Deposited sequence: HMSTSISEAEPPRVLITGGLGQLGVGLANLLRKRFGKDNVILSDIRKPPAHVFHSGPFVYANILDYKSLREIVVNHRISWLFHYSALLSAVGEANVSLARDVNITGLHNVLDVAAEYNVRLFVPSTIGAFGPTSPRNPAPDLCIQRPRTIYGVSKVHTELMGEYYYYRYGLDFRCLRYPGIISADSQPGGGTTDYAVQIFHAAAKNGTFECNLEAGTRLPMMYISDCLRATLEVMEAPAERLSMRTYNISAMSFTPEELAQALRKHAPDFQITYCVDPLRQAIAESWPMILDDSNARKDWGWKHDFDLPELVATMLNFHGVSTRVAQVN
């Protein structure tokens, strides 16, 4: 039988995208979001009882956790998944690394002392999941996401915000004021690759996994390098710079490149979108011709 999937919080950008992907593979009624396109329940992650009820009723074999709210909720999610032999995905992030981490590149196993509350929670998310795998039988799988780039990111704000918003200006061959200093390199990945990796790692055989947390990467680039690749399709496009030190500080704390050697060697992870295929696909979602 194909898996039966739960996703939470499934109202987020990643949640919706993933449901679409997974519904296409397993069926519309095999993927249940939670927080018309398909099955949908209200679920309190914070309530173990509700969470237990859902898993049992709908016979859930796979769970993608995209949601103190983090911790109590994470712990709840961990407890339910372990008790009912559920394959659990929970994503991590490049925020899970800090200034004391090897930035160039960051390997899958290294120092992790993030100076941000989001980052610390994700270290904890990683460790708790692995702990549950080793102690109990929890099939825990975790991918560290780079900066995720998406056209439909009506959500503004974030460290990797410029790489989305920049296209709005480039589509009309306008000008863009960048939040980050010219030469600020960060790992980056287009949402298509990101969801595909999330699926793939959840399809991998257990024994081939040498660890349960993985870096995934596609590219790393700098604002001025993104502007270069943009001019391929809009030549008169200009890029000014007006820094937010709070967004720079956090950005400088993150790694420049993610080494994903293990993800490649263990479960054949490969990315399809480099900087050109990204730029093209993104500019296409605005009104721009990408033929050349």
query = When the deposited sequence is counted from residue 1, which ranges lack any model?
reply = 1-9, 45-53, 86-100, 326-329
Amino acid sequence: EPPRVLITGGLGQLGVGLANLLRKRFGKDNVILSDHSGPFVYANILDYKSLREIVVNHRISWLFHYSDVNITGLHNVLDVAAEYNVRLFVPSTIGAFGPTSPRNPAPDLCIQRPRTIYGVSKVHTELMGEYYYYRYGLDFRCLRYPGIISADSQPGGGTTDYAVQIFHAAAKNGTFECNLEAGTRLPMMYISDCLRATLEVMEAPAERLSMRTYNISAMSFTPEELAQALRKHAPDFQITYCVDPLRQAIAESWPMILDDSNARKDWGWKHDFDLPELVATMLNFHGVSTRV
From here on, numbers count along this sequence of modelled residues.
request  = Decide which of the stretches 234-242 and 24-32 has the higher mean C-alpha B-factor, going by the entry.
outcome  = 234-242
request  = Identify the stretch, either 171-179 or 190-198, whose C-alpha atoms have the larger mean B-factor according to the entry.
outcome  = 171-179
Given 125, 159, 213, 93, the residue at which the Cα B factor reaches its maximum = 159
key: Residue, from 63, 257, 250, 263, that the PDB entry assigns the highest Cα B-factor   = 250
query = Based on the entry's values, in what third of the chain does the Cα temperature factor of residue 79 lie: lowest, middle or highest?
reply = lowest
message = Could you place residue 166 in the lowest, middle or highest third of its chain by Cα temperature factor, using the values in the record?
response = middle
ask   = Mind checking which third residue 71 falls in for C-alpha B-factor across the chain?
value = highest
note = By the entry's values, the third containing the CA B factor of residue 11 is the highest
message = How does the C-alpha B factor of residue 100 compare with the rest of the chain: lowest, middle or highest third?
response = middle
